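Colleague: Sharing protein.tsv here; it has TSV, C-alpha atoms.
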chain	number	residue	atom	x	y	z
W	2	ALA	CA	-44.46	-27.86	-5.55
W	3	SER	CA	-41.74	-26.20	-7.65
W	4	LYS	CA	-41.99	-22.58	-8.74
W	5	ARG	CA	-41.31	-21.83	-12.41
W	6	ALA	CA	-39.75	-18.84	-14.15
W	7	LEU	CA	-39.75	-17.82	-17.81
W	8	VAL	CA	-36.84	-15.70	-19.04
W	9	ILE	CA	-37.39	-14.30	-22.54
W	10	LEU	CA	-34.11	-13.91	-24.43
W	11	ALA	CA	-33.90	-11.78	-27.58
W	12	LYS	CA	-30.99	-10.58	-29.68
W	13	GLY	CA	-29.38	-7.53	-28.13
W	14	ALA	CA	-30.32	-8.49	-24.58
W	15	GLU	CA	-27.91	-7.46	-21.83
W	16	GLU	CA	-26.19	-10.75	-21.05
W	17	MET	CA	-25.41	-9.85	-17.43
W	18	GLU	CA	-29.07	-8.99	-16.80
W	19	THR	CA	-29.98	-12.40	-18.25
W	20	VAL	CA	-27.43	-14.68	-16.58
W	21	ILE	CA	-27.51	-13.25	-13.05
W	22	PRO	CA	-31.27	-13.82	-12.49
W	23	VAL	CA	-31.17	-17.24	-14.18
W	24	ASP	CA	-28.22	-18.31	-12.03
W	25	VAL	CA	-29.60	-16.90	-8.78
W	26	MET	CA	-33.08	-18.29	-9.40
W	27	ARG	CA	-31.75	-21.80	-10.04
W	28	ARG	CA	-29.69	-21.50	-6.85
W	29	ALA	CA	-33.07	-20.94	-5.16
W	30	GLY	CA	-34.51	-24.17	-6.58
W	31	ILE	CA	-36.72	-22.39	-9.11
W	32	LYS	CA	-37.22	-24.18	-12.44
W	33	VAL	CA	-36.08	-21.60	-15.01
W	34	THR	CA	-36.69	-21.75	-18.75
W	35	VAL	CA	-34.55	-19.45	-20.88
W	36	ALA	CA	-36.75	-19.10	-23.97
W	37	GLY	CA	-35.42	-17.73	-27.24
W	38	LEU	CA	-37.73	-15.12	-28.73
W	39	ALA	CA	-36.81	-16.13	-32.28
W	40	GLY	CA	-36.46	-19.88	-31.70
W	41	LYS	CA	-34.11	-22.43	-30.15
W	42	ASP	CA	-31.04	-21.02	-31.92
W	43	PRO	CA	-28.17	-19.33	-30.06
W	44	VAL	CA	-28.74	-15.69	-29.13
W	45	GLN	CA	-26.09	-13.01	-29.61
W	46	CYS	CA	-26.32	-10.64	-26.65
W	47	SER	CA	-25.47	-6.95	-26.57
W	48	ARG	CA	-21.79	-7.49	-25.71
W	49	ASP	CA	-21.41	-10.47	-28.09
W	50	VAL	CA	-21.81	-13.19	-25.47
W	51	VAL	CA	-23.72	-16.01	-27.20
W	52	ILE	CA	-26.20	-18.00	-25.11
W	53	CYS	CA	-28.03	-21.17	-26.12
W	54	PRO	CA	-31.65	-20.99	-24.92
W	55	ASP	CA	-33.36	-23.93	-23.27
W	56	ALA	CA	-36.28	-23.73	-25.70
W	57	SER	CA	-38.07	-21.57	-28.22
W	58	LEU	CA	-40.62	-19.13	-26.83
W	59	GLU	CA	-43.27	-20.95	-28.87
W	60	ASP	CA	-42.58	-24.24	-27.08
W	61	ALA	CA	-42.16	-22.58	-23.67
W	62	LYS	CA	-45.50	-20.82	-24.17
W	63	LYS	CA	-47.26	-24.20	-24.24
W	64	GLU	CA	-45.71	-25.35	-20.94
W	65	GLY	CA	-47.07	-22.56	-18.76
W	66	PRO	CA	-48.19	-21.07	-16.54
W	67	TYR	CA	-45.17	-19.43	-14.92
W	68	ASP	CA	-44.95	-17.88	-11.47
W	69	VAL	CA	-42.74	-15.11	-12.91
W	70	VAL	CA	-42.00	-13.78	-16.39
W	71	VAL	CA	-38.61	-12.07	-16.58
W	72	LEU	CA	-37.69	-9.45	-19.18
W	73	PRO	CA	-33.96	-8.63	-19.34
W	74	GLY	CA	-32.74	-5.27	-20.55
W	75	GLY	CA	-30.42	-4.17	-23.30
W	76	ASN	CA	-31.74	-1.44	-25.58
W	77	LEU	CA	-32.03	-3.58	-28.71
W	78	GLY	CA	-33.28	-6.57	-26.74
W	79	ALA	CA	-36.04	-4.49	-25.16
W	80	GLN	CA	-37.03	-3.16	-28.58
W	81	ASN	CA	-37.33	-6.71	-29.90
W	82	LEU	CA	-39.47	-7.62	-26.89
W	83	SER	CA	-41.62	-4.51	-27.46
W	84	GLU	CA	-42.32	-5.48	-31.09
W	85	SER	CA	-43.25	-9.12	-30.45
W	86	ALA	CA	-46.91	-10.15	-30.46
W	87	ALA	CA	-46.02	-13.41	-28.69
W	88	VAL	CA	-44.59	-11.37	-25.81
W	89	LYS	CA	-47.76	-9.26	-25.67
W	90	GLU	CA	-49.91	-12.38	-25.33
W	91	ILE	CA	-47.67	-13.88	-22.63
W	92	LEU	CA	-47.64	-10.65	-20.62
W	93	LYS	CA	-51.37	-9.95	-20.88
W	94	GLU	CA	-52.07	-13.53	-19.78
W	95	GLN	CA	-49.64	-13.19	-16.86
W	96	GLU	CA	-51.28	-9.92	-15.83
W	97	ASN	CA	-54.75	-11.49	-15.98
W	98	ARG	CA	-53.82	-14.45	-13.76
W	99	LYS	CA	-52.06	-12.05	-11.35
W	100	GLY	CA	-48.64	-13.56	-11.89
W	101	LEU	CA	-45.41	-11.72	-11.23
W	102	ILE	CA	-43.81	-9.72	-14.05
W	103	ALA	CA	-40.18	-8.64	-13.63
W	104	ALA	CA	-38.18	-6.35	-15.92
W	105	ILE	CA	-34.80	-4.65	-15.53
W	106	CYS	CA	-33.01	-1.63	-17.04
W	107	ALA	CA	-34.54	-1.09	-20.49
W	108	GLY	CA	-36.78	-4.15	-20.13
W	109	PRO	CA	-39.64	-2.21	-18.51
W	110	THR	CA	-40.20	-0.20	-21.69
W	111	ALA	CA	-41.70	-3.40	-23.13
W	112	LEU	CA	-44.47	-3.11	-20.53
W	113	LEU	CA	-45.43	0.27	-21.98
W	114	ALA	CA	-45.42	-1.10	-25.52
W	115	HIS	CA	-47.84	-3.87	-24.48
W	116	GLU	CA	-49.97	-1.70	-22.15
W	117	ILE	CA	-49.07	-3.75	-19.06
W	118	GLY	CA	-49.48	-2.55	-15.49
W	119	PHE	CA	-50.57	1.02	-16.17
W	120	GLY	CA	-50.84	2.96	-12.92
W	121	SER	CA	-47.95	1.10	-11.28
W	122	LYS	CA	-44.83	2.61	-9.75
W	123	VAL	CA	-41.83	1.54	-11.84
W	124	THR	CA	-38.14	2.23	-12.28
W	125	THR	CA	-35.86	1.95	-15.30
W	126	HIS	CA	-32.32	2.74	-16.26
W	127	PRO	CA	-32.00	6.55	-16.09
W	128	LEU	CA	-31.46	6.61	-19.87
W	129	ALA	CA	-34.81	4.84	-20.41
W	130	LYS	CA	-36.89	7.08	-18.12
W	131	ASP	CA	-38.24	9.40	-20.81
W	132	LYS	CA	-39.26	6.47	-23.00
W	133	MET	CA	-41.04	4.72	-20.13
W	134	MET	CA	-42.85	7.89	-19.06
W	135	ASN	CA	-44.31	8.76	-22.47
W	136	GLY	CA	-47.96	9.49	-21.68
W	137	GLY	CA	-47.61	9.49	-17.89
W	138	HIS	CA	-49.08	5.98	-17.61
W	139	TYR	CA	-46.76	5.02	-14.72
W	140	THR	CA	-45.24	6.77	-11.71
W	141	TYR	CA	-41.47	6.89	-11.76
W	142	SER	CA	-39.23	5.72	-8.91
W	143	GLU	CA	-35.48	6.00	-8.48
W	144	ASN	CA	-35.25	3.02	-6.13
W	145	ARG	CA	-32.75	0.37	-7.18
W	146	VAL	CA	-35.54	-2.21	-7.01
W	147	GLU	CA	-39.23	-1.28	-7.15
W	148	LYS	CA	-42.22	-3.58	-6.58
W	149	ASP	CA	-45.81	-2.37	-7.01
W	150	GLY	CA	-48.47	-5.05	-7.03
W	151	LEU	CA	-47.32	-7.72	-9.47
W	152	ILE	CA	-44.81	-5.46	-11.29
W	153	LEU	CA	-41.17	-5.69	-10.18
W	154	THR	CA	-38.63	-3.42	-11.87
W	155	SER	CA	-34.95	-2.57	-11.48
W	156	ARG	CA	-32.53	-0.06	-12.92
W	157	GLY	CA	-29.40	-1.61	-14.43
W	158	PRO	CA	-26.73	-4.28	-14.71
W	159	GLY	CA	-25.37	-3.34	-11.29
W	160	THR	CA	-28.78	-3.88	-9.68
W	161	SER	CA	-29.13	-7.37	-11.19
W	162	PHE	CA	-28.32	-9.21	-7.95
W	163	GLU	CA	-30.84	-7.21	-5.91
W	164	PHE	CA	-33.35	-7.63	-8.74
W	165	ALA	CA	-32.88	-11.40	-8.80
W	166	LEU	CA	-33.07	-11.79	-5.01
W	167	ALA	CA	-36.30	-9.77	-4.96
W	168	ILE	CA	-37.79	-12.35	-7.33
W	169	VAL	CA	-36.62	-15.16	-5.05
W	170	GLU	CA	-38.13	-13.42	-2.02
W	171	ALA	CA	-41.45	-12.88	-3.80
W	172	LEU	CA	-41.65	-16.52	-4.90
W	173	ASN	CA	-39.92	-18.51	-2.15
W	174	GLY	CA	-39.84	-16.13	0.82
W	175	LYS	CA	-37.30	-14.11	2.73
W	176	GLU	CA	-35.47	-17.02	4.37
W	177	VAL	CA	-34.63	-18.78	1.10
W	178	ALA	CA	-33.41	-15.49	-0.38
W	179	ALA	CA	-31.13	-14.91	2.61
W	180	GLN	CA	-29.79	-18.48	2.35
W	181	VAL	CA	-29.07	-18.11	-1.37
W	182	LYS	CA	-27.46	-14.71	-0.79
W	183	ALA	CA	-24.80	-15.66	1.76
W	184	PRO	CA	-22.48	-17.75	-0.50
W	185	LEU	CA	-22.49	-15.01	-3.16
W	186	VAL	CA	-20.22	-12.66	-1.15
W	187	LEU	CA	-22.40	-9.62	-1.85
W	188	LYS	CA	-21.47	-6.41	-0.06
W	189	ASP	CA	-24.93	-5.52	1.28
T	2	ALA	CA	-3.15	-0.18	-29.64
T	3	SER	CA	-5.94	-2.45	-28.35
T	4	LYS	CA	-5.54	-4.48	-25.16
T	5	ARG	CA	-6.49	-8.15	-25.33
T	6	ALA	CA	-7.99	-10.51	-22.76
T	7	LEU	CA	-8.25	-14.30	-22.73
T	8	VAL	CA	-11.10	-15.85	-20.74
T	9	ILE	CA	-10.77	-19.63	-20.35
T	10	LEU	CA	-14.17	-21.33	-20.17
T	11	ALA	CA	-14.51	-24.90	-18.91
T	12	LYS	CA	-17.51	-27.05	-18.04
T	13	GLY	CA	-18.77	-26.25	-14.56
T	14	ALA	CA	-17.58	-22.64	-14.66
T	15	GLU	CA	-19.66	-20.10	-12.74
T	16	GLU	CA	-21.53	-18.37	-15.56
T	17	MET	CA	-21.93	-15.07	-13.68
T	18	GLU	CA	-18.17	-14.94	-13.02
T	19	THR	CA	-17.63	-15.50	-16.76
T	20	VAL	CA	-20.16	-13.12	-18.29
T	21	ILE	CA	-19.67	-10.10	-16.02
T	22	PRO	CA	-15.93	-9.67	-16.75
T	23	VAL	CA	-16.41	-10.39	-20.46
T	24	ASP	CA	-19.23	-7.83	-20.68
T	25	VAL	CA	-17.47	-5.18	-18.61
T	26	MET	CA	-14.16	-5.63	-20.41
T	27	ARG	CA	-15.77	-5.23	-23.83
T	28	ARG	CA	-17.52	-2.10	-22.55
T	29	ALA	CA	-13.97	-0.85	-21.87
T	30	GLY	CA	-12.89	-1.47	-25.47
T	31	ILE	CA	-10.80	-4.52	-24.61
T	32	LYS	CA	-10.72	-7.29	-27.23
T	33	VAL	CA	-11.90	-10.36	-25.31
T	34	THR	CA	-11.63	-13.96	-26.48
T	35	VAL	CA	-13.79	-16.48	-24.62
T	36	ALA	CA	-11.86	-19.69	-25.28
T	37	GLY	CA	-13.38	-23.11	-24.68
T	38	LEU	CA	-11.03	-25.39	-22.76
T	39	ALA	CA	-12.34	-28.47	-24.57
T	40	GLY	CA	-12.89	-26.90	-28.00
T	41	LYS	CA	-15.26	-24.57	-29.84
T	42	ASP	CA	-18.37	-26.44	-28.67
T	43	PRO	CA	-20.94	-24.91	-26.30
T	44	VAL	CA	-20.04	-25.01	-22.62
T	45	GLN	CA	-22.54	-26.00	-19.93
T	46	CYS	CA	-21.89	-23.80	-16.90
T	47	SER	CA	-22.48	-24.64	-13.26
T	48	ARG	CA	-26.09	-23.41	-13.23
T	49	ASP	CA	-26.89	-24.89	-16.68
T	50	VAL	CA	-26.44	-21.68	-18.66
T	51	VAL	CA	-24.88	-22.73	-21.97
T	52	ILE	CA	-22.37	-20.36	-23.58
T	53	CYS	CA	-20.86	-20.62	-27.05
T	54	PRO	CA	-17.14	-19.76	-26.88
T	55	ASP	CA	-15.49	-17.51	-29.44
T	56	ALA	CA	-12.79	-20.10	-30.13
T	57	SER	CA	-11.09	-23.21	-28.86
T	58	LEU	CA	-8.27	-22.69	-26.38
T	59	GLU	CA	-5.94	-24.35	-28.90
T	60	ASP	CA	-6.69	-21.72	-31.54
T	61	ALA	CA	-6.70	-18.85	-29.03
T	62	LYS	CA	-3.30	-20.02	-27.76
T	63	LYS	CA	-1.78	-19.32	-31.19
T	64	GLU	CA	-3.11	-15.73	-31.30
T	65	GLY	CA	-1.38	-14.46	-28.18
T	66	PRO	CA	0.04	-12.80	-26.27
T	67	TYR	CA	-2.71	-11.46	-24.00
T	68	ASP	CA	-2.52	-8.54	-21.60
T	69	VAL	CA	-4.65	-10.51	-19.12
T	70	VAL	CA	-5.61	-14.16	-18.67
T	71	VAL	CA	-8.88	-14.56	-16.77
T	72	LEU	CA	-9.84	-17.69	-14.84
T	73	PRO	CA	-13.51	-17.81	-13.76
T	74	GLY	CA	-14.60	-19.77	-10.73
T	75	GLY	CA	-17.07	-22.55	-10.18
T	76	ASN	CA	-15.78	-25.56	-8.25
T	77	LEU	CA	-15.92	-28.03	-11.15
T	78	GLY	CA	-14.70	-25.42	-13.63
T	79	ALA	CA	-11.67	-24.64	-11.46
T	80	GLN	CA	-10.91	-28.36	-11.15
T	81	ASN	CA	-10.97	-28.71	-14.94
T	82	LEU	CA	-8.63	-25.72	-15.22
T	83	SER	CA	-6.34	-27.23	-12.57
T	84	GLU	CA	-6.03	-30.51	-14.50
T	85	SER	CA	-5.29	-29.00	-17.92
T	86	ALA	CA	-1.74	-28.98	-19.24
T	87	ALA	CA	-2.68	-26.37	-21.84
T	88	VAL	CA	-3.70	-24.04	-19.01
T	89	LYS	CA	-0.40	-24.67	-17.22
T	90	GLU	CA	1.55	-23.66	-20.33
T	91	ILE	CA	-0.54	-20.52	-20.87
T	92	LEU	CA	-0.17	-19.43	-17.25
T	93	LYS	CA	3.57	-20.12	-16.97
T	94	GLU	CA	4.11	-18.16	-20.19
T	95	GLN	CA	1.99	-15.28	-18.90
T	96	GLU	CA	3.93	-15.27	-15.63
T	97	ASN	CA	7.25	-15.23	-17.49
T	98	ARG	CA	6.33	-12.25	-19.68
T	99	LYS	CA	4.96	-10.45	-16.59
T	100	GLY	CA	1.41	-10.34	-17.89
T	101	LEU	CA	-1.62	-9.97	-15.66
T	102	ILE	CA	-3.33	-13.10	-14.32
T	103	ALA	CA	-6.82	-12.74	-12.85
T	104	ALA	CA	-8.86	-15.41	-11.06
T	105	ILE	CA	-12.07	-15.25	-9.03
T	106	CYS	CA	-13.77	-17.38	-6.35
T	107	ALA	CA	-12.52	-20.95	-6.85
T	108	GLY	CA	-10.47	-19.95	-9.90
T	109	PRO	CA	-7.35	-19.09	-7.87
T	110	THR	CA	-6.94	-22.73	-6.81
T	111	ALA	CA	-5.80	-23.37	-10.39
T	112	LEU	CA	-2.79	-21.13	-9.69
T	113	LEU	CA	-1.74	-23.48	-6.89
T	114	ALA	CA	-2.16	-26.52	-9.13
T	115	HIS	CA	0.15	-24.95	-11.73
T	116	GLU	CA	2.63	-23.43	-9.23
T	117	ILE	CA	1.86	-19.86	-10.33
T	118	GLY	CA	2.67	-16.77	-8.30
T	119	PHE	CA	3.94	-18.44	-5.13
T	120	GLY	CA	4.62	-15.84	-2.46
T	121	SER	CA	1.77	-13.58	-3.56
T	122	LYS	CA	-1.09	-12.29	-1.44
T	123	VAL	CA	-4.33	-13.81	-2.74
T	124	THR	CA	-8.00	-14.17	-1.87
T	125	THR	CA	-10.54	-16.85	-2.71
T	126	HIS	CA	-14.10	-17.74	-1.88
T	127	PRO	CA	-14.14	-18.56	1.85
T	128	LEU	CA	-15.01	-22.17	0.99
T	129	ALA	CA	-11.84	-22.45	-1.15
T	130	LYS	CA	-9.42	-20.98	1.40
T	131	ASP	CA	-8.16	-24.28	2.83
T	132	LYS	CA	-7.54	-25.68	-0.65
T	133	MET	CA	-5.64	-22.57	-1.75
T	134	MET	CA	-3.53	-22.50	1.42
T	135	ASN	CA	-2.33	-26.12	1.25
T	136	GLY	CA	1.42	-25.79	1.83
T	137	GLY	CA	1.42	-22.13	2.83
T	138	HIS	CA	2.66	-21.03	-0.60
T	139	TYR	CA	0.55	-17.84	-0.57
T	140	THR	CA	-0.58	-15.30	2.02
T	141	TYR	CA	-4.33	-15.12	2.46
T	142	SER	CA	-6.37	-11.92	2.27
T	143	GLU	CA	-10.04	-11.33	2.97
T	144	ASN	CA	-10.27	-8.26	0.74
T	145	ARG	CA	-13.03	-8.40	-1.86
T	146	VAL	CA	-10.41	-7.75	-4.55
T	147	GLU	CA	-6.69	-8.38	-4.02
T	148	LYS	CA	-3.83	-7.43	-6.34
T	149	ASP	CA	-0.22	-8.40	-5.61
T	150	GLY	CA	2.24	-7.89	-8.43
T	151	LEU	CA	0.70	-9.46	-11.53
T	152	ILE	CA	-1.80	-11.64	-9.60
T	153	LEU	CA	-5.33	-10.26	-9.21
T	154	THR	CA	-7.85	-12.32	-7.24
T	155	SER	CA	-11.41	-11.92	-5.99
T	156	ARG	CA	-13.79	-13.80	-3.74
T	157	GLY	CA	-17.13	-14.63	-5.33
T	158	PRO	CA	-19.99	-14.01	-7.74
T	159	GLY	CA	-20.97	-10.88	-5.83
T	160	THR	CA	-17.48	-9.42	-6.25
T	161	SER	CA	-17.50	-9.97	-10.02
T	162	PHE	CA	-18.14	-6.32	-10.88
T	163	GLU	CA	-15.32	-5.06	-8.65
T	164	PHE	CA	-13.10	-7.84	-10.01
T	165	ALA	CA	-13.84	-6.86	-13.61
T	166	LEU	CA	-13.34	-3.13	-13.03
T	167	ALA	CA	-9.99	-3.83	-11.36
T	168	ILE	CA	-8.89	-5.53	-14.58
T	169	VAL	CA	-10.04	-2.52	-16.60
T	170	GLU	CA	-8.15	-0.16	-14.28
T	171	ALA	CA	-4.97	-2.24	-14.51
T	172	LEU	CA	-5.12	-2.35	-18.31
T	173	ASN	CA	-6.74	0.93	-19.36
T	174	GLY	CA	-6.38	3.17	-16.31
T	175	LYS	CA	-8.61	4.64	-13.63
T	176	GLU	CA	-10.48	7.12	-15.86
T	177	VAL	CA	-11.72	4.49	-18.31
T	178	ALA	CA	-12.84	2.28	-15.43
T	179	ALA	CA	-14.80	5.16	-13.89
T	180	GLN	CA	-16.40	5.94	-17.27
T	181	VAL	CA	-17.42	2.31	-17.82
T	182	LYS	CA	-18.74	2.08	-14.25
T	183	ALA	CA	-21.22	4.97	-14.27
T	184	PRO	CA	-23.87	3.50	-16.66
T	185	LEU	CA	-23.90	0.22	-14.71
T	186	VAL	CA	-25.82	1.69	-11.73
T	187	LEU	CA	-23.52	0.07	-9.18
T	188	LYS	CA	-24.06	1.00	-5.54
T	189	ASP	CA	-20.44	1.82	-4.65
Rewrite the structure of this file - the entire thing - as structure tokens.
Modeller:
Amino acid sequence: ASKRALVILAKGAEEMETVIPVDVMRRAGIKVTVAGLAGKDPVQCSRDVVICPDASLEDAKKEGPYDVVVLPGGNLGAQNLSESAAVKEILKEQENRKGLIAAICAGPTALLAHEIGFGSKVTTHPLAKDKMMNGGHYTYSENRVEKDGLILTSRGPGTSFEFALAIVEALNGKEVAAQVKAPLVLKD
Amino acid sequence: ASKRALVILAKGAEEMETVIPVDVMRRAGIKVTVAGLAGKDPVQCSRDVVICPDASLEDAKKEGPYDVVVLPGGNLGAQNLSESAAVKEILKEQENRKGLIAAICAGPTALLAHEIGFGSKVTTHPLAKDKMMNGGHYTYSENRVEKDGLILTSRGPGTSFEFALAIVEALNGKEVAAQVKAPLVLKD
């Protein structure tokens, strides 16, 4: 009866955008797998924080399906996600089974690379807007969190808490999200 | 001409309260050392995120002095900090040379354990207030960030961004903090 989340961690990922959703989701009782794109080895993030993944993406792929697939941001991390065929397969499969896909900051540009969710309303970091909008395949929003169908996007490191709580609300409902939120001492 | 920050990382630390200040401080051009309390080995944080420290505390101790010493929270992490003689020595030395000491959430309870900054106004997570106030050695504040002399404290995971930017402002000034803040997409 336990919901399950896959967080894909690549070199150059924004470490705040990785750790906040992982932390918050586990506070919500979600079983989270931090999967290394390149393997089980430690991942150097964009600001040189080094995180040990729970598993390789290859192994995590075999233990699906996941209720949410989470793509952190970071410019170089998002580029690595955009170039990976394994990520394409995971995302297309998630789209087909109508599972939730969540991406933050530069992360959403990987959806464009893999032709995921065309026609959806999405947001990105302001610096990633032009890249995301190449071709006009999505409609752009400036909301701090945006959810359209099964696509949930957010803008930046400072929206990470709202991004993570939106995932919790989508998976576990509004009451659990409110319960998890109170001990965090968030402003709003 | 480069400011230097020491972040002490112990098992059970709150990983969000560790990564956010490290990330933000490096964005500000501060040279940050994440030092493992127990050694160079990977540290399992309170929500099972595993972080590889830059160095052992023993080695980082020899490469001082630091313009700021940062104590993350997490109940079990703060207890480990409170029990460590090496932390006591580092903090007493920092207090003597009038360097900045910064602690968040449960982290400030380590200041009480080591008799640091008595007489200062401090804040904690609400759940750590009674522990911090044992003996009436400090004056309690409910401000999200509190700075009294060389003691800078903050309340919880959701205050981590304000906590980190206060460090940047104290070290590098208000203009650098504002410059670092804008790309984060913080609400206020």
Colleague: Could you list, as a short mmCIF file (atom, residue, chain, number, x, y, z; two decimals) with C-alpha atoms, in the coordinates of the input, every residue within 12 Å of residue 163 in chain T, counting all atoms listed in the file and ignoring same-chain residues fewer than 3 positions away?
Modeller:
data_model
loop_
_atom_site.label_atom_id
_atom_site.label_comp_id
_atom_site.auth_asym_id
_atom_site.auth_seq_id
_atom_site.Cartn_x
_atom_site.Cartn_y
_atom_site.Cartn_z
CA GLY W 159 -25.37 -3.34 -11.29
CA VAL W 186 -20.22 -12.66 -1.15
CA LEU W 187 -22.40 -9.62 -1.85
CA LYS W 188 -21.47 -6.41 -0.06
CA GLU T 18 -18.17 -14.94 -13.02
CA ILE T 21 -19.67 -10.10 -16.02
CA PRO T 22 -15.93 -9.67 -16.75
CA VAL T 25 -17.47 -5.18 -18.61
CA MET T 26 -14.16 -5.63 -20.41
CA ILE T 105 -12.07 -15.25 -9.03
CA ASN T 144 -10.27 -8.26 0.74
CA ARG T 145 -13.03 -8.40 -1.86
CA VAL T 146 -10.41 -7.75 -4.55
CA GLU T 147 -6.69 -8.38 -4.02
CA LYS T 148 -3.83 -7.43 -6.34
CA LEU T 153 -5.33 -10.26 -9.21
CA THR T 154 -7.85 -12.32 -7.24
CA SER T 155 -11.41 -11.92 -5.99
CA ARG T 156 -13.79 -13.80 -3.74
CA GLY T 157 -17.13 -14.63 -5.33
CA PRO T 158 -19.99 -14.01 -7.74
CA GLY T 159 -20.97 -10.88 -5.83
CA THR T 160 -17.48 -9.42 -6.25
CA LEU T 166 -13.34 -3.13 -13.03
CA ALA T 167 -9.99 -3.83 -11.36
CA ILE T 168 -8.89 -5.53 -14.58
CA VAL T 169 -10.04 -2.52 -16.60
CA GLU T 170 -8.15 -0.16 -14.28
CA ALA T 178 -12.84 2.28 -15.43
CA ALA T 179 -14.80 5.16 -13.89
CA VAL T 181 -17.42 2.31 -17.82
CA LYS T 182 -18.74 2.08 -14.25
CA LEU T 185 -23.90 0.22 -14.71
CA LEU T 187 -23.52 0.07 -9.18
CA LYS T 188 -24.06 1.00 -5.54
CA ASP T 189 -20.44 1.82 -4.65
#
Colleague: Which residue, W:134, W:77, W:128, W:171, has the smallest gap to chain T when you use all atoms listed in the file?
Modeller: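 Closest to chain T of all the choices is W:128.
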Colleague: Could you give me, as an mmCIF file with C-alpha atoms, in the coordinates of the input, the residues within 12 Å of residue 112 in chain W, counting only C-alpha atoms and dropping anything in the same chain fewer than 2 positions from it?
Modeller:
data_model
loop_
_atom_site.group_PDB
_atom_site.id
_atom_site.type_symbol
_atom_site.label_atom_id
_atom_site.label_comp_id
_atom_site.auth_asym_id
_atom_site.auth_seq_id
_atom_site.Cartn_x
_atom_site.Cartn_y
_atom_site.Cartn_z
ATOM 1 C CA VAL W 70 -42.000 -13.780 -16.390
ATOM 2 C CA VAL W 71 -38.610 -12.070 -16.580
ATOM 3 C CA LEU W 72 -37.690 -9.450 -19.180
ATOM 4 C CA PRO W 73 -33.960 -8.630 -19.340
ATOM 5 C CA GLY W 74 -32.740 -5.270 -20.550
ATOM 6 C CA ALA W 79 -36.040 -4.490 -25.160
ATOM 7 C CA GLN W 80 -37.030 -3.160 -28.580
ATOM 8 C CA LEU W 82 -39.470 -7.620 -26.890
ATOM 9 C CA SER W 83 -41.620 -4.510 -27.460
ATOM 10 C CA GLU W 84 -42.320 -5.480 -31.090
ATOM 11 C CA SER W 85 -43.250 -9.120 -30.450
ATOM 12 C CA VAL W 88 -44.590 -11.370 -25.810
ATOM 13 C CA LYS W 89 -47.760 -9.260 -25.670
ATOM 14 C CA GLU W 90 -49.910 -12.380 -25.330
ATOM 15 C CA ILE W 91 -47.670 -13.880 -22.630
ATOM 16 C CA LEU W 92 -47.640 -10.650 -20.620
ATOM 17 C CA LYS W 93 -51.370 -9.950 -20.880
ATOM 18 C CA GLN W 95 -49.640 -13.190 -16.860
ATOM 19 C CA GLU W 96 -51.280 -9.920 -15.830
ATOM 20 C CA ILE W 102 -43.810 -9.720 -14.050
ATOM 21 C CA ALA W 103 -40.180 -8.640 -13.630
ATOM 22 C CA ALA W 104 -38.180 -6.350 -15.920
ATOM 23 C CA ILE W 105 -34.800 -4.650 -15.530
ATOM 24 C CA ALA W 107 -34.540 -1.090 -20.490
ATOM 25 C CA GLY W 108 -36.780 -4.150 -20.130
ATOM 26 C CA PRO W 109 -39.640 -2.210 -18.510
ATOM 27 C CA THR W 110 -40.200 -0.200 -21.690
ATOM 28 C CA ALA W 114 -45.420 -1.100 -25.520
ATOM 29 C CA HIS W 115 -47.840 -3.870 -24.480
ATOM 30 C CA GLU W 116 -49.970 -1.700 -22.150
ATOM 31 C CA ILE W 117 -49.070 -3.750 -19.060
ATOM 32 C CA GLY W 118 -49.480 -2.550 -15.490
ATOM 33 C CA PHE W 119 -50.570 1.020 -16.170
ATOM 34 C CA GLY W 120 -50.840 2.960 -12.920
ATOM 35 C CA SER W 121 -47.950 1.100 -11.280
ATOM 36 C CA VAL W 123 -41.830 1.540 -11.840
ATOM 37 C CA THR W 124 -38.140 2.230 -12.280
ATOM 38 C CA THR W 125 -35.860 1.950 -15.300
ATOM 39 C CA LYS W 132 -39.260 6.470 -23.000
ATOM 40 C CA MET W 133 -41.040 4.720 -20.130
ATOM 41 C CA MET W 134 -42.850 7.890 -19.060
ATOM 42 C CA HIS W 138 -49.080 5.980 -17.610
ATOM 43 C CA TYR W 139 -46.760 5.020 -14.720
ATOM 44 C CA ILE W 152 -44.810 -5.460 -11.290
ATOM 45 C CA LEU W 153 -41.170 -5.690 -10.180
ATOM 46 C CA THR W 154 -38.630 -3.420 -11.870
#
Colleague: Hey, what's within 7 Å of residue 75 in chain W if we count all atoms listed in the file and toss same-chain stuff fewer than 5 positions away? As a PyMOL selection string, please?
Modeller: chain W and resi 13-15+47+107
Colleague: Rounded to one decimal in Å, what is the spacing between CA of residue 23 in chain W and CA of residue 8 in chain W?
Modeller: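 Here the two named atoms are 7.6 Å from each other.
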Colleague: Which polymer residues have any atom within 6 Å of an atom of range 58-64 of chain T, counting all atoms listed in the file, with same-chain residues fewer than 5 positions away left out, as a list in words?
Modeller: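 The residues that qualify are residues 36, 37 and 38 of chain T.
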Colleague: From the set T:130, T:122, T:12, T:28, which residue has the shortest atom-to-atom contact distance to residue 50 in chain T, counting only C-alpha atoms?
Modeller: T:12
Colleague: Report, in Å to a single decimal, how far apart CA of residue 35 in chain T and CA of residue 87 in chain T are.
Modeller: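 Taking CA of residue 87 in chain T and CA of residue 35 in chain T, their separation equals 15.1 Å.
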Colleague: In terms of the shortest atom-to-atom distance over all atoms listed in the file, which of W:53, W:151, W:183, W:33 is closest to residue 67 in chain W?
Modeller: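 Closest residue, counting all atoms listed in the file: W:33.
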Colleague: For a quick check of understanding, using only C-alpha atoms, which of T:51, T:45, T:101, T:4 has the smallest distance to chain W?
Modeller: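 Checking each of T:51, T:45, T:101, T:4 against chain W, counting only C-alpha atoms, the winner is T:51.
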